[PDB]
Structures are given as C-alpha cells and as structure tokens.
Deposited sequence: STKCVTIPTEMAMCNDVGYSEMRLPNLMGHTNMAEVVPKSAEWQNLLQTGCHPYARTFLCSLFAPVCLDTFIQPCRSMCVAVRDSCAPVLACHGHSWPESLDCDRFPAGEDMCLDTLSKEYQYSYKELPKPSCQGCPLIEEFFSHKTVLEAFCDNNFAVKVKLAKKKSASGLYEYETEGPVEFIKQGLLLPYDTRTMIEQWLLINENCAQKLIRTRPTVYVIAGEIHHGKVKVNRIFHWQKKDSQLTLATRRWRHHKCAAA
C-alpha cells in the first residue's frame, strides 16, 4: 500500500534537502524508486540553472514527500512563482511546464499547504544589410559561433509551415563545440523561434550569416547579416576571420 524509503545518493534532486526519508507513493504517483530516481533526474538540467531558489525544494515536496507526515501539497503561490521563473528556461531547452504540475491542481485559500518563508533565448535580431566587414568581424569576436546558412520554407502535410536549413552550412567561427552539435543547436533555434524564421524567409535571398551563443544546451542568435548575391563585405570578413586578431584575447 504505502511505505517509507531512504532518499538514495543517486537521487541528486533531493539528496540534500534537509531530510533523508521519503514516502511512497509520492505526490507524483510514482510507486517505486526505479521510477522516482530517473524521473527526478529529468529535472537536473533545469535545477542547475538556478531559475528559482525554491524550484528544488518545491519539486522535492512532490517527488520525495516527508515520510512521517501526512501528505501536504506545496502552495499554488509557490507553484506559480517557480513556474513563472523556470518555464522560460524549459522553453529555451525546448520543453514546457508539465500538465502534471499544472498549478491549478495545488491548494489555495483555506486548504493547508507548504508555502515559502517570505512573501532570453527568444530574441530575434534585425536583419543587417548595409554593414562593414569590421562590424561583421566584431560580431564574430563577440559571439560563440558564426555560420553561413541558407534557409528554406516548406509546407507540411497538415498545411503548416516548417523552416529548415538547406544544403551545407559553412562554419566561420566554430566556438567550443563541434560543427555537428552547433548545427543541431541552430536547427533547435529555428524550431523554437518560428516567428524569427518566418521573418528571415521574407528577405531574399534567404542566405544569412548568423552569429550567436550556445550555453548549456541553449542557443541564442545575436547577429544576423544578409548575404547579398553580389556580396563583398561578408566575403571579406569570412576570408579575414582566419587571420583576424580580436580586440579581446
């Protein structure tokens, strides 16, 4: 029916939250630790960002409720705070706030609940057209990656529009990742920023030089340079990048 188990060291989410014994089944419905531990480990990437100081203990009140006490849910206030602070980070990871954590399921008003002690990647930069290769090189130095990509619009079976890279991607500045991983992050950014991709399709030709940052599986495009058919400045900047000395080391 129900039992109490020791929080294992392998459960990094709740191995240092003030108590060592949890009750099963937990508030998430998990009936055994072979289910509790991996499902809790799915939150590790979000929790390592520090999106909200109460995210970890809020989650542990659900995944590892206190053994000897009756089940007390966290307050809807704390759910709304943690959700409003951490949901954009999950969106940057490509995820969304789970329906199982819909804050409307948590108590408010008279119902007793555990409360608090007290009371980014979505940017779409402009398409730069008349620019200097010195500005392009400055963007290269200021960003993690810089690539030459051709974008293409495509109609799916359901009638919706998909935006994809077409042909090979010419890498100018690789950054600290392999070109395969960088390109995978660029595709992820294209899917997450559908409005920005749609904006980029409207400028012909659809060839761009994009520069941005990649941090812990999050991709942010900072600069977008349009590659004209008779381009000179992007050509000069890309040919110069190999021998270019940045202003900062």
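Gap without C-alpha coordinates occurs only at 120 to 131, with positions taken along the deposited sequence from 1.
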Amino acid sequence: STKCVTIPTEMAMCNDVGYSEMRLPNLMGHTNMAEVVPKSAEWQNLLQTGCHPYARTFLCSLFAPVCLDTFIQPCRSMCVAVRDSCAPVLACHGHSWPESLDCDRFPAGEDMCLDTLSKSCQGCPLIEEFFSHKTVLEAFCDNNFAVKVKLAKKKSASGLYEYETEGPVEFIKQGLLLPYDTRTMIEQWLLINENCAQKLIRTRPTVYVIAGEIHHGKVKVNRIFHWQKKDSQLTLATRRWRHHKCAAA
From here on, numbers count along this sequence of modelled residues.
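Just going by the entry, 23 to 31 versus 212 to 220 on mean CA temperature factor gives the higher value to 212 to 220. As recorded in the PDB entry, 103 to 111 is the stretch of 161 to 169 and 103 to 111 with the greater mean C-alpha temperature factor. Across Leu177, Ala146, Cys141, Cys121, the entry's maximum B-factor at the CA atom is seen for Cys121.
Going by the entry's values, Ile201 shows the largest Cα B-factor out of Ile201, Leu191, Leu59, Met185. Compared with the other modelled residues of the chain, the Cα B-factor recorded for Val5 ranks in the lowest third. In this PDB entry, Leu90 carries a Cα temperature factor that places it within the highest third of its chain's modelled residues. The PDB entry assigns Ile72 a C-alpha temperature factor belonging to the lowest third of its chain's modelled residues.
Among all modelled residues in this chain, the alpha-carbon of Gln44 has a temperature factor (C-alpha) in the middle third. Placement of the Cα temperature factor of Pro53 within the chain: middle third of the modelled residues, per the deposited record.
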